[PDB]
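S.K.: The structure file protein_22.txt (compact mmCIF, N, CA and C atoms) is provided below.
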```
# COMPACT_ATOMS: atom_id res chain seq x y z
N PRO F 464 0.81 -1.23 0.00
CA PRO F 464 0.00 0.00 0.00
C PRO F 464 0.83 1.27 0.00
N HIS F 465 0.17 2.41 0.18
CA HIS F 465 0.83 3.71 0.30
C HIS F 465 0.85 4.09 1.78
N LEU F 466 1.82 3.52 2.50
CA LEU F 466 1.93 3.77 3.93
C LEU F 466 2.27 5.24 4.20
N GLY F 467 1.86 5.71 5.36
CA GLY F 467 2.20 7.05 5.82
C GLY F 467 1.23 8.15 5.44
N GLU F 468 0.91 8.26 4.16
CA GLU F 468 0.04 9.32 3.69
C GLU F 468 -1.38 9.12 4.23
N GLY F 469 -2.26 10.06 3.89
CA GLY F 469 -3.63 10.01 4.34
C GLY F 469 -4.38 8.79 3.86
N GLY F 470 -3.97 7.62 4.33
CA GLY F 470 -4.60 6.37 3.95
C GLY F 470 -3.72 5.55 3.01
N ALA F 471 -4.05 4.26 2.93
CA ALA F 471 -3.33 3.33 2.06
C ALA F 471 -4.03 3.25 0.70
N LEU F 472 -3.96 4.36 -0.02
CA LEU F 472 -4.52 4.41 -1.37
C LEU F 472 -3.89 3.32 -2.23
N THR F 473 -4.73 2.59 -2.95
CA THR F 473 -4.29 1.45 -3.75
C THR F 473 -4.88 1.56 -5.15
N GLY F 474 -4.02 1.84 -6.13
CA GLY F 474 -4.45 1.89 -7.52
C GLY F 474 -5.29 3.10 -7.84
N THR F 475 -5.02 3.72 -9.00
CA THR F 475 -5.76 4.90 -9.43
C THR F 475 -5.60 6.03 -8.42
N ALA F 476 -6.15 5.87 -7.22
CA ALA F 476 -5.96 6.88 -6.19
C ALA F 476 -4.50 6.95 -5.76
N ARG F 477 -3.82 5.81 -5.70
CA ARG F 477 -2.38 5.81 -5.43
C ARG F 477 -1.63 6.52 -6.54
N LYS F 478 -1.96 6.19 -7.80
CA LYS F 478 -1.30 6.82 -8.94
C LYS F 478 -1.61 8.30 -9.03
N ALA F 479 -2.69 8.76 -8.40
CA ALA F 479 -3.03 10.18 -8.37
C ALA F 479 -2.34 10.91 -7.23
N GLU F 480 -2.26 10.30 -6.05
CA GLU F 480 -1.50 10.90 -4.96
C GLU F 480 -0.03 11.00 -5.32
N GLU F 481 0.50 10.00 -6.03
CA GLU F 481 1.87 10.08 -6.51
C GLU F 481 2.06 11.29 -7.41
N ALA F 482 1.13 11.50 -8.34
CA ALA F 482 1.22 12.64 -9.25
C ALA F 482 1.13 13.96 -8.48
N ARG F 483 0.22 14.03 -7.51
CA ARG F 483 0.10 15.23 -6.69
C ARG F 483 1.41 15.54 -5.99
N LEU F 484 2.01 14.53 -5.36
CA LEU F 484 3.25 14.75 -4.62
C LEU F 484 4.39 15.14 -5.56
N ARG F 485 4.44 14.55 -6.75
CA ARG F 485 5.51 14.90 -7.69
C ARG F 485 5.36 16.33 -8.21
N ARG F 486 4.13 16.71 -8.57
CA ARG F 486 3.89 18.09 -8.97
C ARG F 486 4.23 19.06 -7.84
N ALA F 487 3.93 18.68 -6.60
CA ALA F 487 4.25 19.54 -5.47
C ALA F 487 5.75 19.67 -5.27
N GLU F 488 6.50 18.58 -5.50
CA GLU F 488 7.95 18.65 -5.42
C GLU F 488 8.50 19.62 -6.46
N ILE F 489 8.05 19.48 -7.71
CA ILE F 489 8.50 20.40 -8.75
C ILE F 489 8.14 21.84 -8.38
N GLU F 490 6.93 22.04 -7.84
CA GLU F 490 6.50 23.38 -7.46
C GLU F 490 7.38 23.96 -6.36
N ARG F 491 7.75 23.14 -5.37
CA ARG F 491 8.61 23.62 -4.30
C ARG F 491 9.99 24.00 -4.84
N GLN F 492 10.52 23.21 -5.78
CA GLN F 492 11.81 23.55 -6.37
C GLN F 492 11.73 24.88 -7.12
N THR F 493 10.68 25.06 -7.92
CA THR F 493 10.49 26.33 -8.60
C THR F 493 10.41 27.48 -7.60
N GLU F 494 9.71 27.26 -6.49
CA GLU F 494 9.57 28.31 -5.48
C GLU F 494 10.91 28.65 -4.84
N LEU F 495 11.74 27.64 -4.58
CA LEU F 495 13.06 27.90 -4.01
C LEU F 495 13.91 28.74 -4.96
N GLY F 496 13.93 28.36 -6.24
CA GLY F 496 14.66 29.16 -7.21
C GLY F 496 14.15 30.59 -7.27
N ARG F 497 12.83 30.75 -7.31
CA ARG F 497 12.22 32.07 -7.34
C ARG F 497 12.65 32.90 -6.14
N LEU F 498 12.62 32.30 -4.95
CA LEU F 498 12.96 33.04 -3.74
C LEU F 498 14.43 33.45 -3.74
N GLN F 499 15.31 32.56 -4.21
CA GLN F 499 16.71 32.95 -4.35
C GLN F 499 16.84 34.17 -5.26
N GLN F 500 16.16 34.13 -6.41
CA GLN F 500 16.19 35.27 -7.32
C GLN F 500 15.76 36.55 -6.59
N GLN F 501 14.64 36.47 -5.87
CA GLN F 501 14.09 37.67 -5.25
C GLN F 501 15.03 38.23 -4.18
N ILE F 502 15.56 37.37 -3.31
CA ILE F 502 16.42 37.86 -2.25
C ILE F 502 17.71 38.42 -2.84
N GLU F 503 18.22 37.82 -3.91
CA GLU F 503 19.42 38.35 -4.55
C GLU F 503 19.17 39.75 -5.10
N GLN F 504 18.04 39.94 -5.79
CA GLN F 504 17.74 41.25 -6.36
C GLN F 504 17.53 42.28 -5.26
N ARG F 505 16.85 41.89 -4.17
CA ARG F 505 16.65 42.82 -3.06
C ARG F 505 17.98 43.19 -2.41
N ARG F 506 18.88 42.23 -2.28
CA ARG F 506 20.20 42.52 -1.71
C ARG F 506 20.96 43.49 -2.60
N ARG F 507 20.85 43.34 -3.92
CA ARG F 507 21.52 44.28 -4.82
C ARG F 507 20.92 45.67 -4.69
N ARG F 508 19.59 45.76 -4.59
CA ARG F 508 18.96 47.06 -4.38
C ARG F 508 19.45 47.72 -3.09
N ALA F 509 19.57 46.93 -2.02
CA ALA F 509 20.04 47.48 -0.75
C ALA F 509 21.49 47.93 -0.85
N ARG F 510 22.33 47.16 -1.54
CA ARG F 510 23.71 47.59 -1.76
C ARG F 510 23.75 48.92 -2.50
N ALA F 511 22.89 49.08 -3.51
CA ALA F 511 22.85 50.33 -4.26
C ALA F 511 22.44 51.49 -3.36
N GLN F 512 21.44 51.29 -2.51
CA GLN F 512 21.03 52.35 -1.59
C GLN F 512 22.16 52.69 -0.61
N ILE F 513 22.90 51.68 -0.16
CA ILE F 513 24.03 51.94 0.74
C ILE F 513 25.09 52.77 0.03
N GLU F 514 25.38 52.44 -1.23
CA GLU F 514 26.33 53.23 -2.00
C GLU F 514 25.85 54.67 -2.14
N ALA F 515 24.55 54.86 -2.37
CA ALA F 515 24.00 56.21 -2.45
C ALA F 515 24.23 56.97 -1.15
N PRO E 464 59.54 97.27 13.76
CA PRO E 464 58.13 97.42 13.39
C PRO E 464 57.42 96.07 13.29
N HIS E 465 56.10 96.15 13.22
CA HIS E 465 55.25 94.98 13.00
C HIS E 465 54.97 94.87 11.50
N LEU E 466 55.55 93.86 10.86
CA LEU E 466 55.44 93.70 9.42
C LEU E 466 54.22 92.84 9.09
N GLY E 467 53.32 93.38 8.29
CA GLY E 467 52.12 92.67 7.91
C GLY E 467 51.07 93.63 7.38
N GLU E 468 49.83 93.15 7.35
CA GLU E 468 48.72 93.97 6.88
C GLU E 468 48.55 95.20 7.77
N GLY E 469 48.41 96.37 7.14
CA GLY E 469 48.18 97.61 7.84
C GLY E 469 49.43 98.43 8.10
N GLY E 470 50.61 97.84 7.97
CA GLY E 470 51.85 98.57 8.17
C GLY E 470 52.55 98.24 9.47
N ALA E 471 53.32 99.20 9.99
CA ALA E 471 54.09 98.98 11.21
C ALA E 471 53.34 99.39 12.47
N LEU E 472 52.47 100.40 12.39
CA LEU E 472 51.64 100.81 13.52
C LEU E 472 52.49 101.39 14.64
N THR E 473 53.31 100.55 15.27
CA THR E 473 54.30 101.00 16.26
C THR E 473 53.62 101.72 17.43
N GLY E 474 52.91 100.94 18.23
CA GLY E 474 52.33 101.46 19.45
C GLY E 474 51.08 100.68 19.84
N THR E 475 50.18 101.39 20.53
CA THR E 475 48.89 100.78 20.88
C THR E 475 48.18 100.27 19.64
N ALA E 476 48.46 100.87 18.47
CA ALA E 476 47.95 100.31 17.23
C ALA E 476 48.56 98.94 16.95
N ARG E 477 49.86 98.79 17.22
CA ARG E 477 50.48 97.47 17.11
C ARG E 477 49.80 96.48 18.04
N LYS E 478 49.55 96.89 19.28
CA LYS E 478 48.87 95.98 20.22
C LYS E 478 47.47 95.63 19.73
N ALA E 479 46.76 96.61 19.16
CA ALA E 479 45.42 96.35 18.63
C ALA E 479 45.47 95.33 17.50
N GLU E 480 46.40 95.50 16.57
CA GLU E 480 46.50 94.57 15.45
C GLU E 480 46.92 93.18 15.93
N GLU E 481 47.83 93.12 16.89
CA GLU E 481 48.25 91.83 17.44
C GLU E 481 47.08 91.12 18.10
N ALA E 482 46.29 91.85 18.90
CA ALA E 482 45.13 91.25 19.54
C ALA E 482 44.08 90.83 18.52
N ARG E 483 43.91 91.61 17.45
CA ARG E 483 42.97 91.24 16.40
C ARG E 483 43.40 89.94 15.74
N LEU E 484 44.68 89.83 15.38
CA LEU E 484 45.18 88.60 14.78
C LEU E 484 45.01 87.42 15.72
N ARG E 485 45.26 87.63 17.02
CA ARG E 485 45.13 86.56 17.99
C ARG E 485 43.68 86.07 18.08
N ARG E 486 42.75 87.00 18.29
CA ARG E 486 41.34 86.63 18.37
C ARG E 486 40.86 85.98 17.08
N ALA E 487 41.36 86.45 15.93
CA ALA E 487 40.93 85.90 14.66
C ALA E 487 41.46 84.48 14.46
N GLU E 488 42.70 84.22 14.89
CA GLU E 488 43.23 82.87 14.81
C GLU E 488 42.44 81.92 15.71
N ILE E 489 42.10 82.37 16.92
CA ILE E 489 41.29 81.54 17.80
C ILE E 489 39.93 81.27 17.16
N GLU E 490 39.33 82.29 16.54
CA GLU E 490 38.05 82.11 15.87
C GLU E 490 38.17 81.09 14.74
N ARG E 491 39.23 81.18 13.93
CA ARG E 491 39.41 80.24 12.84
C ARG E 491 39.55 78.82 13.36
N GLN E 492 40.34 78.62 14.42
CA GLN E 492 40.53 77.27 14.94
C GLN E 492 39.24 76.72 15.54
N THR E 493 38.45 77.57 16.21
CA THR E 493 37.16 77.12 16.73
C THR E 493 36.23 76.72 15.59
N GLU E 494 36.22 77.49 14.50
CA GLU E 494 35.40 77.12 13.35
C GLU E 494 35.85 75.80 12.75
N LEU E 495 37.17 75.61 12.63
CA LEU E 495 37.70 74.35 12.12
C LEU E 495 37.23 73.17 12.97
N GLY E 496 37.34 73.30 14.29
CA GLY E 496 36.88 72.24 15.17
C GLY E 496 35.39 71.99 15.05
N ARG E 497 34.60 73.06 14.98
CA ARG E 497 33.16 72.92 14.80
C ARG E 497 32.85 72.11 13.55
N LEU E 498 33.49 72.45 12.43
CA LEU E 498 33.19 71.76 11.18
C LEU E 498 33.66 70.31 11.22
N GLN E 499 34.81 70.06 11.84
CA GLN E 499 35.27 68.68 11.98
C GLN E 499 34.27 67.85 12.78
N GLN E 500 33.75 68.42 13.88
CA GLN E 500 32.79 67.68 14.69
C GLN E 500 31.49 67.45 13.94
N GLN E 501 31.02 68.46 13.20
CA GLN E 501 29.84 68.28 12.37
C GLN E 501 30.04 67.14 11.38
N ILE E 502 31.20 67.11 10.72
CA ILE E 502 31.48 66.05 9.75
C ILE E 502 31.48 64.69 10.43
N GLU E 503 32.12 64.59 11.60
CA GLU E 503 32.17 63.31 12.30
C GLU E 503 30.78 62.83 12.68
N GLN E 504 29.93 63.73 13.16
CA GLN E 504 28.59 63.32 13.59
C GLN E 504 27.71 62.96 12.39
N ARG E 505 27.82 63.70 11.29
CA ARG E 505 27.09 63.32 10.08
C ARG E 505 27.58 61.97 9.56
N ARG E 506 28.87 61.69 9.72
CA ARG E 506 29.41 60.39 9.31
C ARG E 506 28.84 59.27 10.18
N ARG E 507 28.77 59.49 11.49
CA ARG E 507 28.08 58.54 12.36
C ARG E 507 26.64 58.32 11.89
N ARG E 508 25.94 59.41 11.56
CA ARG E 508 24.56 59.29 11.12
C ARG E 508 24.44 58.42 9.88
N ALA E 509 25.29 58.66 8.88
CA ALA E 509 25.21 57.90 7.64
C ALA E 509 25.59 56.44 7.86
N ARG E 510 26.62 56.18 8.67
CA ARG E 510 27.00 54.80 8.96
C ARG E 510 25.87 54.07 9.66
N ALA E 511 25.19 54.74 10.59
CA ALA E 511 24.07 54.11 11.28
C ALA E 511 22.90 53.87 10.33
N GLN E 512 22.66 54.79 9.40
CA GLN E 512 21.61 54.57 8.41
C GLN E 512 21.93 53.37 7.52
N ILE E 513 23.20 53.23 7.13
CA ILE E 513 23.62 52.06 6.36
C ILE E 513 23.39 50.79 7.16
N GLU E 514 23.72 50.82 8.46
CA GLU E 514 23.49 49.64 9.29
C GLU E 514 22.00 49.32 9.38
N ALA E 515 21.15 50.35 9.45
CA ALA E 515 19.71 50.12 9.49
C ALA E 515 19.23 49.43 8.22
```
Can I see the file as structure tokens?
M.R.:
Amino acid sequence: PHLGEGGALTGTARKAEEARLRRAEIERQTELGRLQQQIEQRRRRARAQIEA
Amino acid sequence: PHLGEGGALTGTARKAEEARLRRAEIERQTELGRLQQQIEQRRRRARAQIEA
């Protein structure tokens, strides 16, 4: 079965919870990259203000 | 004689010019110190703003 998750989904529902979790993993990775981008740009803006 | 601006004077006029130069030098040095302190405090202000 699918131990641990919200029940031991078996077939179809298992194949759907797997897809949900995989899409969520990809989404979290995209979010981490996005956040790195944002904090880097904000840090550069702050450096510019400090130089000013 | 007293060699400088105004001539030799040679008397209480010499004393007057000497006292004028003395007071003026003290005034200049006090102004220099005032401006140095202003610069130092504004520098503290800007460094603290950068830290903020």
S.K.: Could you state the separation of atom CA of residue 494 of chain E and atom N of residue 507 of chain E in Å, given to one decimal place?
M.R.: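 About the pair atom CA of residue 494 of chain E and atom N of residue 507 of chain E: they are 18.9 Å apart.
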S.K.: Relative to chain F, what is the Cα RMSD of chain E after a least-squares superposition using every Cα atom paired in order?
M.R.: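 Across the paired C-alpha atoms, the RMSD reaches 1.0 Å.
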S.K.: Would you tabulate, counting all atoms listed in the file, all residues of chain F that have an atom at most 8 Å from an atom of chain E, showing the closest pair of atoms and their distance in Å to one decimal, sorted by chain then ascending number, as JSON lines?
M.R.:
```
{"residue": "F:512", "atom": "C", "partner": "E:513", "partner_atom": "CA", "distance": 7.1}
{"residue": "F:513", "atom": "CA", "partner": "E:513", "partner_atom": "CA", "distance": 5.6}
{"residue": "F:514", "atom": "N", "partner": "E:513", "partner_atom": "CA", "distance": 7.8}
```
S.K.: One decimal, in Å: what's the spacing between atom C of residue 464 of chain F and atom CA of residue 493 of chain F?
M.R.: 28.2 Å
S.K.: Could you please determine the separation between atom CA of residue 508 of chain F and atom CA of residue 508 of chain E in Å, to one decimal place?
M.R.: 20.5 Å
S.K.: List every residue of chain E that DSSP, applied to the backbone of this structure, places in alpha helix (DSSP H), and write the result as number ranges by chain.
M.R.: E: 475-514
S.K.: With N, CA and C atoms kept, could you save the residues just selected as a short mmCIF file (atom, residue, chain, number, x, y, z; two decimals), in the coordinates of the input?
M.R.:
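The resulting file, result_38.cif, is reproduced below:
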```
data_model
loop_
_atom_site.label_atom_id
_atom_site.label_comp_id
_atom_site.auth_asym_id
_atom_site.auth_seq_id
_atom_site.Cartn_x
_atom_site.Cartn_y
_atom_site.Cartn_z
N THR E 475 50.18 101.39 20.53
CA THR E 475 48.89 100.78 20.88
C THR E 475 48.18 100.27 19.64
N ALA E 476 48.46 100.87 18.47
CA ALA E 476 47.95 100.31 17.23
C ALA E 476 48.56 98.94 16.95
N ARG E 477 49.86 98.79 17.22
CA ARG E 477 50.48 97.47 17.11
C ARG E 477 49.80 96.48 18.04
N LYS E 478 49.55 96.89 19.28
CA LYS E 478 48.87 95.98 20.22
C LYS E 478 47.47 95.63 19.73
N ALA E 479 46.76 96.61 19.16
CA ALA E 479 45.42 96.35 18.63
C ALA E 479 45.47 95.33 17.50
N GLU E 480 46.40 95.50 16.57
CA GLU E 480 46.50 94.57 15.45
C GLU E 480 46.92 93.18 15.93
N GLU E 481 47.83 93.12 16.89
CA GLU E 481 48.25 91.83 17.44
C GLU E 481 47.08 91.12 18.10
N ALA E 482 46.29 91.85 18.90
CA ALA E 482 45.13 91.25 19.54
C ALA E 482 44.08 90.83 18.52
N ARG E 483 43.91 91.61 17.45
CA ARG E 483 42.97 91.24 16.40
C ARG E 483 43.40 89.94 15.74
N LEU E 484 44.68 89.83 15.38
CA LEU E 484 45.18 88.60 14.78
C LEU E 484 45.01 87.42 15.72
N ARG E 485 45.26 87.63 17.02
CA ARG E 485 45.13 86.56 17.99
C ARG E 485 43.68 86.07 18.08
N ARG E 486 42.75 87.00 18.29
CA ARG E 486 41.34 86.63 18.37
C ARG E 486 40.86 85.98 17.08
N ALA E 487 41.36 86.45 15.93
CA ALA E 487 40.93 85.90 14.66
C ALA E 487 41.46 84.48 14.46
N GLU E 488 42.70 84.22 14.89
CA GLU E 488 43.23 82.87 14.81
C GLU E 488 42.44 81.92 15.71
N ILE E 489 42.10 82.37 16.92
CA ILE E 489 41.29 81.54 17.80
C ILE E 489 39.93 81.27 17.16
N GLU E 490 39.33 82.29 16.54
CA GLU E 490 38.05 82.11 15.87
C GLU E 490 38.17 81.09 14.74
N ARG E 491 39.23 81.18 13.93
CA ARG E 491 39.41 80.24 12.84
C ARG E 491 39.55 78.82 13.36
N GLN E 492 40.34 78.62 14.42
CA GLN E 492 40.53 77.27 14.94
C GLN E 492 39.24 76.72 15.54
N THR E 493 38.45 77.57 16.21
CA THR E 493 37.16 77.12 16.73
C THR E 493 36.23 76.72 15.59
N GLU E 494 36.22 77.49 14.50
CA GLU E 494 35.40 77.12 13.35
C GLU E 494 35.85 75.80 12.75
N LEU E 495 37.17 75.61 12.63
CA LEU E 495 37.70 74.35 12.12
C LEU E 495 37.23 73.17 12.97
N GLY E 496 37.34 73.30 14.29
CA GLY E 496 36.88 72.24 15.17
C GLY E 496 35.39 71.99 15.05
N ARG E 497 34.60 73.06 14.98
CA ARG E 497 33.16 72.92 14.80
C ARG E 497 32.85 72.11 13.55
N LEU E 498 33.49 72.45 12.43
CA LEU E 498 33.19 71.76 11.18
C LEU E 498 33.66 70.31 11.22
N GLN E 499 34.81 70.06 11.84
CA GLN E 499 35.27 68.68 11.98
C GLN E 499 34.27 67.85 12.78
N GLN E 500 33.75 68.42 13.88
CA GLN E 500 32.79 67.68 14.69
C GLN E 500 31.49 67.45 13.94
N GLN E 501 31.02 68.46 13.20
CA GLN E 501 29.84 68.28 12.37
C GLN E 501 30.04 67.14 11.38
N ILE E 502 31.20 67.11 10.72
CA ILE E 502 31.48 66.05 9.75
C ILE E 502 31.48 64.69 10.43
N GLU E 503 32.12 64.59 11.60
CA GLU E 503 32.17 63.31 12.30
C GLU E 503 30.78 62.83 12.68
N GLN E 504 29.93 63.73 13.16
CA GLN E 504 28.59 63.32 13.59
C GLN E 504 27.71 62.96 12.39
N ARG E 505 27.82 63.70 11.29
CA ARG E 505 27.09 63.32 10.08
C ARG E 505 27.58 61.97 9.56
N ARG E 506 28.87 61.69 9.72
CA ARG E 506 29.41 60.39 9.31
C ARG E 506 28.84 59.27 10.18
N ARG E 507 28.77 59.49 11.49
CA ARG E 507 28.08 58.54 12.36
C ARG E 507 26.64 58.32 11.89
N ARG E 508 25.94 59.41 11.56
CA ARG E 508 24.56 59.29 11.12
C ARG E 508 24.44 58.42 9.88
N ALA E 509 25.29 58.66 8.88
CA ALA E 509 25.21 57.90 7.64
C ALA E 509 25.59 56.44 7.86
N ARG E 510 26.62 56.18 8.67
CA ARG E 510 27.00 54.80 8.96
C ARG E 510 25.87 54.07 9.66
N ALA E 511 25.19 54.74 10.59
CA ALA E 511 24.07 54.11 11.28
C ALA E 511 22.90 53.87 10.33
N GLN E 512 22.66 54.79 9.40
CA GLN E 512 21.61 54.57 8.41
C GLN E 512 21.93 53.37 7.52
N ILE E 513 23.20 53.23 7.13
CA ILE E 513 23.62 52.06 6.36
C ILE E 513 23.39 50.79 7.16
N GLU E 514 23.72 50.82 8.46
CA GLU E 514 23.49 49.64 9.29
C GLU E 514 22.00 49.32 9.38
#
```
